[PDB]
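I have placed the structure first, in the form of structure tokens, so that the comments after it can refer back to it.
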Amino acid sequence: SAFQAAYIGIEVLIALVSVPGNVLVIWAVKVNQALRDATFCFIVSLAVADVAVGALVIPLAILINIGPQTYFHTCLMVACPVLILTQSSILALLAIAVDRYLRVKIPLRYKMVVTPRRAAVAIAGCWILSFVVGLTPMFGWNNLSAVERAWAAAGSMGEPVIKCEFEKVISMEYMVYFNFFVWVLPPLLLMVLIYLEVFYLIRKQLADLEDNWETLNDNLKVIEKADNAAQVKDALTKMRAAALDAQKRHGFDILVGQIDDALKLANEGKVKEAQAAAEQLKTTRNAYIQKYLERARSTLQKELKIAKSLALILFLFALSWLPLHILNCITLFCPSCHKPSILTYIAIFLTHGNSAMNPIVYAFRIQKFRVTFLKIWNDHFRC
Amino acid sequence: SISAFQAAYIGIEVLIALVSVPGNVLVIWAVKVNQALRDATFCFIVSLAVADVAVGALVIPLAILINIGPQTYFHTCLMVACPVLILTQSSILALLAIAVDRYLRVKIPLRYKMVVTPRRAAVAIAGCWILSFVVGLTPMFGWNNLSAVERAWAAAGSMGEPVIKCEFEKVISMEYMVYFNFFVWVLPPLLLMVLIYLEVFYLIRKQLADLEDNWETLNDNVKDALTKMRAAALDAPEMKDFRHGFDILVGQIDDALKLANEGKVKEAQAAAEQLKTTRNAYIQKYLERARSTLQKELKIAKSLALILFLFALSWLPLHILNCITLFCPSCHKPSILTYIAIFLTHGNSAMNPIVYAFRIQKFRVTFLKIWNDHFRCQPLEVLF
Ligand SMILES: *S(=O)(=O)c1ccc(C(=O)NCCCn2c(=O)n(CCC)c(=O)c3[nH]c(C4CCCCC4)nc32)cc1
Ligand SMILES: *S(=O)(=O)c1ccc(C(=O)NCCCn2c(=O)n(CCC)c(=O)c3[nH]c(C4CCCCC4)nc32)cc1
Ligand SMILES: CCCCCCCC/C=C/CCCCCCCC(=O)O
Ligand SMILES: CCCCCCCC/C=C\CCCCCCCC(=O)O
Ligand SMILES: CCCCCCCC/C=C\CCCCCCCC(=O)O
Ligand SMILES: CCCCCCCC/C=C\CCCCCCCC(=O)O
């Protein structure tokens with residue numbers, strides 16, 4: 001009794017935290033034009049899936065818990081929404097990971113590559129494939145034949161009426177081989193790899209800017225204290241090459257022009273005059289080049305900042321979801337093994353609970369959601 | 001071992017669905033892309049289209065599956081019967097919204113934009129669907145023949161839930177269909193809409209009549225003429241040109257009137273010639289633009305009315321059939337009359353897109369653009 005009330009209460013509480021948060025996430029993206037980006041469009045899809053868990057999956061579980069025995073088909077139908085919705089989440093996250101990859105990987109062609117319509121197609125695909133994976137049990141892959149044998153062996157007519165249990169209607173072979181090994185693990189590992197790559201790229205790109213910045217300062221010391229024009233030329237050419245790398249506009253025009261005006265001397269062989277260019281290059285550097293460096297730093301570090309937040313979401317997803325899979329694997333491979341009910345129950349509470357986390361982590365980590373949620377709260381949900 | 005009649009039913013259903021789904025998807029497409037259709041009326045036409053897409057994509061397939069399929073549990077047949085009830089109810093309320101929107105424009109044109117706002121239109125839409133789900137899901141809450149079938153199942157002497165040939169009249173209560181759905185949730189909306197449109201026409205025809213009255217008053221027409229011209233003027237980027245056309249006119253009417261106090265006709269003819277120049281210079285624009293904008297209000301109203309007429313004409317037979325089955329269970333009614341009634345209702349989901357294309361100019365131009373830009377296969381036309 002009190003345990004059932006506790007289950008129902010915890011479920012109700014998880015649902016009560018889940019639904020408003022994700023509705024608020026979906027709200028936040030619609031109102032705010034600063035969140036009109038591919039990443040956020042997938043966060044809306046991911047939020048929608050979480051709203052569906054709290055609004056549909058958790059109520060069904062409670063209704064099945066408090067309810068009577070059901071037909072096989074009834075229990076089979078009720079088992080699928082969570083399979084669809086959980087699958088949608090994974091693909092939605094994978095979309096976010098590849099979107100995060102593409103930005104840093106192909107920044108010049110990003111806007112022409114990743115377009116709203118393509119993002120929409122990608123979204124639609126996730127849901128289509130999610131319905132495909134989640135409805136597979138409805139097509140036939142289940143224990144119907146296994147239960148019909150026991151129903152006839154017991155000697156009962158018509159469709160099997162049973163206590164609605166997941167393991168009674170959904171095939172563990174399906175859950176382990178099809179769902180987990182094909183449709184969970186490879187996306188997870190691929191995403192885990194993609195993020196490592198995303199960090200690797202950003203850290204290297206940050207390193208390259210500091211490399212170019214230090215190269216440009218280091219060679220000014222070489223030019224200012226050089227004996228032979230050959231030393232100055234070797235500095236100037238590397239400074240130029242560094243400037244052409246750093247450019248990948250008009251500050252760089254003015255700089256590279258002054259490097260050419262310096263270089264022009266080095267062909268004749270006059271060091272004295274080359275010091276006059278060096279003083280101007282320092283003026284150009286401080287006039288123009290600091291801006292590019294600082295803005296590149298800030299915009300790269302902003303790419304880094306989000307990546308961590310989006311990674312944390314993946315970590316939380318994986319950490320929330322892996323237990324219930326491990327449980328499905330150990331039940332399949334070791335049916336002889338006993339596994340305590342509390343471990344089963346906390347695993348299930350973690351999965352439903354995962355629908356509450358995203359809105360909370362967005363509020364804590366992502367600045368633009370924080371400012372919006374406050375505005376929505378103040379303007380609409382304030383006492 | 002399938003009957004040619006069954007094949008014909010399935011084929012006609014499939015064809016109706018094949019005409020219905022693309023048309024309404026194209027209607028929903030047309031409103032989204034075109035900013036000229038970003039108006040309250042069209043926002044209800046999207047909701048009405050969505051309902052029709054659902055008939056062709058969900059209701060017609062379910063009917064075919066039930067037709068070709070086996071006997072079902074009572075609950076299965078009860079569940080499958082409801083979507084059409086929801087969707088049909090949505091249509092009526094969506095049309096009623098359109099009727100009152102058409103009324104409000106002509107009734108309160110000055111305050112229309114401040115009254116009928118996007119959010120209010122959205123709330124109104126949402127309401128239609130909520131109430132539609134309420135009316136349509138009522139049978140799922142309990143109002144059905146379950147107890148009536150359970151008696152016969154036990155009387156036959158069979159255990160468990162009733163398995164039966166899935167028929168509408170076997171699971172849905174006729175009392176519900178006649179008293180609740182038809183008498184409360186169909187007829188009053190229909191009659192109210194029928195009244196609203198008559199009023200909408202009445203207003204527009206009178207407003208058109210008044211402009212021609214003022215125009216004819218001005219052209220027929222010293223004091224008795226001038227006072228009527230004045231009275232007509234008081235009744236009567238661009239607003240500046242109208243304002244100033246009226247300044248130039250009323251100024252010349254004052255310059256004419258100035259003579260009438262003294263009493264000199266000869267000179268007043270000099271003003272009359274200038275007033276005709278002012279009329280043809282400025283006043284024709286106001287008249288013609290008012291004519292065009294009023295006649296555009298008239299043009300849509302007829303199209304939207306035709307949709308109501310077609311809806312009522314498509315839907316009333318199946319209701320009459322439900323009433324006569326309820327009140328006269330002894331009465332025999334031929335199957336063809338039952339079948340054409342049912343074909344009409346599913347068919348109604350195909351009509352709206354077709355009538356929009358024929359009558360409404362802005363949908364016609366859009367459907368062509370969507371066809372050309374997305375669904376064109378010109379190399380087949382070149383291939384011929
Ligand atoms: S209690 O023991 O009475 C009890 C009451 C209610 C519930 C419950 O809410 N169950 C819903 C979760 C069912 N379920 C799944 O939905 N999935 C799919 C996830 C996408 C599973 O993979 C799953 N595995 C299991 C168990 C776990 C270990 C024991 C055998 C399978 N349940 C799953 C539960 C208990
Ligand atoms: S044939 O006789 O085998 C046959 C095959 C298939 C169908 C069929 O597709 N029927 C679907 C229509 C069911 N139906 C409704 O949906 N509604 C609700 C409208 C919003 C009705 O009101 C309704 N009334 C009836 C009949 C009418 C005459 C006999 C009594 C009930 N069916 C309705 C049909 C036949
Ligand atoms: C018993 C199952 C019933 C199935 C009904 C299927 C239809 C589902 C309803 C969806 C709501 C559609 C809302 C459309 C609003 C359009 C708003 C707009 O014009 O922008
Ligand atoms: C067996 C029945 C399964 C029912 C599953 C429930 C799913 C309901 C929730 C969402 C489905 C529609 C997907 C819409 C995605 C829109 C995301 C976006 O706005 O980008
Ligand atoms: C056998 C497999 C069954 C497949 C059923 C199809 C399910 C499709 C569900 C939802 C499609 C719409 C998703 C929303 C796409 C729009 C994305 C956007 O523009 O934001
Ligand atoms: C009978 C009790 C159950 C009631 C359930 C009602 C389900 C409501 C479903 C959809 C309503 C939301 C429609 C959104 C309309 C959007 C309008 C707009 O913004 O254009």
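Look through region B:56-99, keep the residues that are over 16 Å from residue B:162 (Cβ atoms) and among the hydroxyl-bearing types (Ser, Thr, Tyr), and return whichever of them is nearest to ligand 5 (Cβ to nearest atom).
B:90
Quick check on my filter: what residues within region B:130-169 are part of a helix (DSSP H, G or I) and either touching a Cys at 6+ places or on another chain (Cβ under 7 Å) or within 14 Å of chain A (Cβ to nearest Cβ) (or both)? Before the answer, list the steps.
Taking region B:130-169 as the starting set, the residues that turn out to be part of a helix (DSSP H, G or I) are B:130-141, B:146-156, B:168-169.
B:136, B:137, B:139, B:140, B:153, listed by residue number.
Which is within 16 Å of ligand 3 (Cβ to nearest atom) and over 22 Å from the mean Cα position of the chain (by Cα), of A:81, A:59, A:68?
Values: A:59 fails: within 16 Å of ligand 3 (Cβ to nearest atom); A:68 fails: within 16 Å of ligand 3 (Cβ to nearest atom).
After ruling out the rest, the residue left standing is A:81.
Inspect all residues belonging to region B:342-349 and state whether any of them is among the hydroxyl-bearing types (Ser, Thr, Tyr), buried (at least 16 other Cβ atoms within 10 Å of the Cβ), within 18 Å of residue B:92 (Cβ to Cβ) and touching a helix residue (DSSP H, G or I) at 6+ places or on another chain (Cβ under 6 Å). Write out each step before concluding.
Pass one, region B:342-349, residues among the hydroxyl-bearing types (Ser, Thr, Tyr): B:345, B:349.
Narrowing further to those that are buried (at least 16 other Cβ atoms within 10 Å of the Cβ): B:345, B:349.
Applying the additional criterion that residues be within 18 Å of residue B:92 (Cβ to Cβ) yields B:345, B:349.
Next cut, touching a helix residue (DSSP H, G or I) at 6+ places or on another chain (Cβ under 6 Å) only: B:345, B:349.
Checked against the condition, which is being among the hydroxyl-bearing types (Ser, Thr, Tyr), buried (at least 16 other Cβ atoms within 10 Å of the Cβ), within 18 Å of residue B:92 (Cβ to Cβ) and touching a helix residue (DSSP H, G or I) at 6+ places or on another chain (Cβ under 6 Å), region B:342-349 yields at least one hit.
Looking only at region A:335-344, decide whether some residue is more than 16 Å from ligand 6 (Cβ to nearest atom), more than 23 Å from residue A:23 (Cα to Cα) and within 21 Å of the chain's Cα centre (by Cα).
Restricting attention to region A:335-344, the residues satisfying the condition of being more than 16 Å from ligand 6 (Cβ to nearest atom) are A:335-344.
Now drop any that are not more than 23 Å from residue A:23 (Cα to Cα), which leaves A:335-344.
Subset that is within 21 Å of the chain's Cα centre (by Cα): none.
Scanning region A:335-344, I find no residue that is more than 16 Å from ligand 6 (Cβ to nearest atom), more than 23 Å from residue A:23 (Cα to Cα) and within 21 Å of the chain's Cα centre (by Cα), so the answer is no.
When region B:1-35 is examined, which residues are found to be over 11 Å from residue B:346 (Cβ atoms) and polar (S, T, N, Q)?
B:1, B:3, B:6, B:24, B:34, B:35
So, in region A:133-176, of the ones that are over 21 Å from residue A:60 (Cα atoms) and under 28 Å from the mean Cα position of the chain (by Cα), which residue ends up nearest to ligand 6 (Cβ to nearest atom)?
Within region A:133-176, the match that is nearest to ligand 6 (Cβ to nearest atom) is A:174.
Taking residue A:246 as the residue in question, decide whether it is buried (at least 17 other Cβ atoms within 10 Å of the Cβ), closer than 30 Å to residue A:38 by Cα, under 46 Å from the mean Cα position of the chain (by Cα) and not polar (S, T, N, Q).
Details: buried (at least 17 other Cβ atoms within 10 Å of the Cβ): yes; closer than 30 Å to residue A:38 by Cα: yes; under 46 Å from the mean Cα position of the chain (by Cα): yes; not polar (S, T, N, Q): yes.
In short, yes.
Within region A:351-372, which residues are surrounded by fewer than 20 Cβ atoms within 10 Å (Cβ to Cβ) and more than 19 Å from the chain's Cα centre (by Cα)?
Matches in region A:351-372: A:371 only.
Every residue, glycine as well, gets a Cβ built from its backbone with ideal geometry; the counts of neighbours run over all protein chains shown. Every read-out reported here was derived from the displayed coordinates using simple, explicitly stated rules and does not represent laboratory data.
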